[PDB]
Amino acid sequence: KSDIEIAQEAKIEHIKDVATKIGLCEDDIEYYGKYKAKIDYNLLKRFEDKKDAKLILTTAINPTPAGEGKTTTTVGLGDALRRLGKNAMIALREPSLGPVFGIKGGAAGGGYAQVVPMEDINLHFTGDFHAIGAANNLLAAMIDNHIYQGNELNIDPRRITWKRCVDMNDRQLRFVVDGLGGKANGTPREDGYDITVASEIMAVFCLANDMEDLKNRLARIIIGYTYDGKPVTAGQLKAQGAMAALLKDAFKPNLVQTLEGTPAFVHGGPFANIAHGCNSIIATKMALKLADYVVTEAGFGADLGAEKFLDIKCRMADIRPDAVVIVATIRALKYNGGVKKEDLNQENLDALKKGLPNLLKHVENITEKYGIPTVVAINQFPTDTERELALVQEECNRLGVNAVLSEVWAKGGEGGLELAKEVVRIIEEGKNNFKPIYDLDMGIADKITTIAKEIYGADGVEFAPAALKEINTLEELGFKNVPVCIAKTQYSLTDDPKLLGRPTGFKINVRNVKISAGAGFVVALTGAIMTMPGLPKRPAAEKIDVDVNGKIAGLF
């Protein structure tokens, strides 16, 4: 009935047998128990000529309180594809350790569309996030040590942008002063902690093509500035070698499985606002060699995660999407029309009509702006009536797109058969003219404007004076030709979370612009950003427990 019940009651295959389904020898894998394995990244060099699998991006409409979660569809579509005899696998992100102790934690997907072992994935898993945190904190220690030991690079300690990290929900570490207790114990400065997944190490980890590229990106990281305002890099500190060493094992993608034994890579986990919201390039590229179909996803709605998957990841990974699945629900669209959280169980075509343009804007963006075959996945809910479901299908058909019902949550891979059938159809029959919505040689401001106008539907962008200054400085430093990562709210196409549906007559306000040199993109900031979540009054930690066997209870 519950997710954990279904997970712990399911009969699961040994990971070797899962690895066999994607043509991996037992010399290619390293066991972490019977149900987890790391796959060596060096084998990707052997498949240099094999040609990529069909790539299916699961995205969604702007998230709402009604549902939803697109991962059940990602898992389900992978399960359904294998039930139709296709050699398919999936690539997901790994979840952060911190929130599990705040707000319980949950399944990668849910119902009969999950990945397992759930307990391991929601704790240490294979240790990647620890390795990522250790790299981040080595760099922090080496920055301060260099200053402490003489400061030949002339780093202004007040201008260190690099932050420490920990994978806990600890608001107490948001703003600190460290290096206190006299000259024997450091150099006093203002500092702060991000949760590990927010570190630039994570974005670099997830965007590296190979171990060589990983080290190059690490060296490229800008940790701060000199007294005269010159960037100082991790390479100047000779830190990249040691950081790569700490990430040697972690960089190997993790093989797990769905409930129905579909191979699954769970690897990496950056944010979808201040970063790109996708799982590792190494895992995606490796999955594209070892299978015939690959279903992956990007965080939040298609205005953020998909936009960044297509305009950042695809171009850095040199991969091309063959299909997009835009997940949605009737309830969510009624919410976009004006219906209150409590009143969503009642039929309302007029609200559905008013809030449906949110989906249509997304469907329009993928088909018309990006030029990719698209299908809409409607997750079934008891409340839904035929009239409601028909209007969605009707409006999607006006854009030349099918809206298929999905019951992957209740019925697993069977519930995704019709979706899977349609996905295969649009791959074979649908026209694909994919290209990123902007060219790399465009100016940073123009790129931010392009995404704002083309994807969000804005009249334009209002840059603050500080933003304009920062852009000029970044272009002066030689970063004009990198992609753009806009940090804004997920709940609306605009930068105002209240404006639901398909807002018009609006502009985006960019307050600041900051480079992530390792990641290789510029972050454009709109509102306030949370990089370190806190715990609630009654943390879920209080009800987590162990004893005989262990047997960890209270996680879910």
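A residue's number is simply how far along the shown sequence it sits, counting from 1.
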property	result
Given 78-86 and 202-210, the range whose Cα B-factors average higher in the PDB entry	78-86
Stretch with the greater mean C-alpha B-factor as recorded in the entry, comparing 533-541 against 20-28	20-28
Out of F125, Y438, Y227, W162, residue topping the C-alpha B-factor column of the entry	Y438
Top Cα B factor in the deposited entry, candidates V100, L352, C278, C485	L352
B-factor third for the C-alpha atom of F47 within its chain	highest
Assigned third (lowest, middle, highest) for the C-alpha B factor of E260	middle
Entry-reported Cα temperature factor of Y35, expressed as the chain third it lands in	middle
Chain thirds of CA B-factor: placement of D318	middle
Among modelled residues of the same chain, the CA temperature factor third for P63	middle
